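Inspection log for the structure reproduced underneath, given as C-alpha coordinates.
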Amino acid sequence: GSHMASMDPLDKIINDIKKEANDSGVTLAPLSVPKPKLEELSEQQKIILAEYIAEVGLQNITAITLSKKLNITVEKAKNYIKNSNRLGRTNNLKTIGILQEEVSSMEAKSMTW
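Each residue of the sequence shown is one higher than the one before, starting from 65 at the first, in the working numbering.
Right under this line is the structure:
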(Lines of atoms letter the chains of each structure in order from A; the text may use other names.)
(Lines give C-alpha, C1' and ligand atoms only; values in the text may rest on other atoms or scores of the structure.)
Protein backbone atom coordinates (compact mmCIF):
# COMPACT_ATOMS: atom_id res chain seq x y z
CA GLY A 65 0.00 0.00 0.00
CA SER A 66 1.26 3.50 1.01
CA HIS A 67 2.48 4.88 4.41
CA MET A 68 4.81 7.61 5.86
CA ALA A 69 6.55 8.43 9.18
CA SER A 70 8.49 11.45 10.56
CA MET A 71 9.57 13.07 13.90
CA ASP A 72 8.74 16.71 14.89
CA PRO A 73 8.42 18.72 18.20
CA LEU A 74 4.71 19.38 17.40
CA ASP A 75 3.18 15.84 17.80
CA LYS A 76 2.03 16.28 21.47
CA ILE A 77 1.03 19.83 22.57
CA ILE A 78 0.58 21.34 19.03
CA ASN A 79 -3.14 22.32 19.26
CA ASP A 80 -4.33 20.83 22.60
CA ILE A 81 -6.13 23.98 23.97
CA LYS A 82 -7.97 25.44 20.90
CA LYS A 83 -9.97 22.73 18.99
CA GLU A 84 -11.25 19.13 19.33
CA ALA A 85 -12.20 16.57 16.63
CA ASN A 86 -12.73 12.82 15.89
CA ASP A 87 -11.48 10.73 12.88
CA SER A 88 -11.62 7.00 11.88
CA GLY A 89 -7.85 6.75 11.20
CA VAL A 90 -5.12 9.34 12.00
CA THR A 91 -1.64 8.89 13.65
CA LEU A 92 -0.02 5.75 15.24
CA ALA A 93 2.17 7.05 18.12
CA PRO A 94 1.13 8.84 21.41
CA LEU A 95 4.66 8.92 23.03
CA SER A 96 7.46 7.90 20.56
CA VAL A 97 6.15 4.27 20.39
CA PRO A 98 3.76 2.37 17.96
CA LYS A 99 0.85 2.57 20.55
CA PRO A 100 1.63 1.10 24.07
CA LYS A 101 -0.31 -2.01 25.27
CA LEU A 102 -3.16 -1.54 27.83
CA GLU A 103 -5.44 -3.97 29.80
CA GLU A 104 -7.18 -1.80 32.44
CA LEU A 105 -10.83 -2.91 32.92
CA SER A 106 -12.99 -4.21 35.84
CA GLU A 107 -13.81 -7.99 36.05
CA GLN A 108 -17.23 -7.67 34.28
CA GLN A 109 -15.89 -4.99 31.85
CA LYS A 110 -12.96 -7.33 30.89
CA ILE A 111 -15.44 -10.20 30.18
CA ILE A 112 -17.67 -7.91 27.97
CA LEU A 113 -14.54 -6.74 26.07
CA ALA A 114 -13.25 -10.35 25.77
CA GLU A 115 -16.58 -12.11 24.88
CA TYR A 116 -17.12 -9.54 22.06
CA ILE A 117 -13.67 -10.08 20.40
CA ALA A 118 -13.92 -13.88 21.09
CA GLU A 119 -17.25 -13.98 19.12
CA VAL A 120 -16.43 -11.46 16.28
CA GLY A 121 -12.64 -12.01 16.01
CA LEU A 122 -11.15 -8.50 16.74
CA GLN A 123 -11.93 -7.70 13.02
CA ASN A 124 -15.66 -6.70 13.16
CA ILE A 125 -15.49 -4.46 16.32
CA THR A 126 -15.87 -0.64 16.15
CA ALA A 127 -15.04 2.13 18.68
CA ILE A 128 -18.69 3.33 18.28
CA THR A 129 -20.15 -0.08 19.21
CA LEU A 130 -17.41 -0.96 21.77
CA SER A 131 -18.19 2.47 23.39
CA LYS A 132 -21.75 1.14 23.82
CA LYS A 133 -20.97 -2.55 24.72
CA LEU A 134 -19.17 -1.34 27.90
CA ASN A 135 -20.91 2.10 28.38
CA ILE A 136 -17.51 3.89 27.95
CA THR A 137 -16.22 6.72 25.68
CA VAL A 138 -15.19 6.38 21.99
CA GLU A 139 -11.69 7.50 23.20
CA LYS A 140 -11.42 4.47 25.53
CA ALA A 141 -12.97 2.17 22.92
CA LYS A 142 -10.59 3.33 20.11
CA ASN A 143 -7.53 2.98 22.38
CA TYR A 144 -8.03 -0.86 22.59
CA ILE A 145 -8.40 -1.16 18.78
CA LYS A 146 -5.07 0.78 18.30
CA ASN A 147 -2.87 -1.13 20.83
CA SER A 148 -4.55 -4.57 20.90
CA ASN A 149 -4.93 -5.77 17.29
CA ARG A 150 -2.34 -8.40 16.07
CA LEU A 151 -2.41 -10.22 19.48
CA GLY A 152 -5.94 -11.45 18.51
CA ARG A 153 -4.89 -12.47 14.90
CA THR A 154 -1.89 -14.88 14.71
CA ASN A 155 1.44 -14.82 16.63
CA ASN A 156 2.01 -18.56 17.54
CA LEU A 157 4.85 -19.19 14.98
CA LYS A 158 8.65 -18.62 14.54
CA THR A 159 8.85 -17.81 10.78
CA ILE A 160 7.00 -14.98 8.97
CA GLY A 161 9.56 -13.83 6.30
CA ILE A 162 9.91 -10.54 8.35
CA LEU A 163 7.03 -8.85 6.37
CA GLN A 164 9.38 -8.84 3.29
CA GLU A 165 8.35 -11.92 1.17
CA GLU A 166 6.26 -10.33 -1.68
CA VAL A 167 5.51 -13.66 -3.53
CA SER A 168 2.22 -15.23 -4.82
CA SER A 169 -0.15 -12.83 -2.91
CA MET A 170 0.60 -9.15 -3.86
CA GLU A 171 2.17 -9.62 -7.36
CA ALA A 172 1.10 -6.05 -8.41
CA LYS A 173 2.36 -2.41 -8.88
CA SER A 174 1.13 1.23 -9.09
CA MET A 175 2.28 4.35 -11.07
CA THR A 176 2.13 8.20 -11.01
CA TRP A 177 0.40 10.47 -13.56
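We put the CB at the ideal spot given by N, CA and C, even for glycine.
DSSP on residue i, reduced to helix/strand/coil?
i      : result
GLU107 : helix
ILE125 : coil
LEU157 : coil
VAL97  : coil
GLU84  : coil
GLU171 : coil
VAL120 : helix
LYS133 : helix
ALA114 : helix
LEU102 : coil
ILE77  : coil
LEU151 : coil
For the alpha helix (DSSP H) containing residue i, list its first residue and its last residue.
i      : result
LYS142 : 138-147
When we look at the beta-carbon of residue i and count the other beta-carbons within 10 Å, is it buried (16 or more) or exposed?
i      : result
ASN79  : exposed
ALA114 : exposed
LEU130 : buried
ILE117 : buried
Report yes or no: do the region 147-166 and the region 120-135 share at least 3 C-beta pairs separated by less than 8 angstroms? yes
Evaluate contact between the region 154-165 and the region 130-138, counting only Cβ atoms and requiring at least three cross-stretch pairs below 8 angstroms. The region 154-165 and the region 130-138 do not touch, with fewer than 3 CB-CB distances between them shorter than 8 angstroms.
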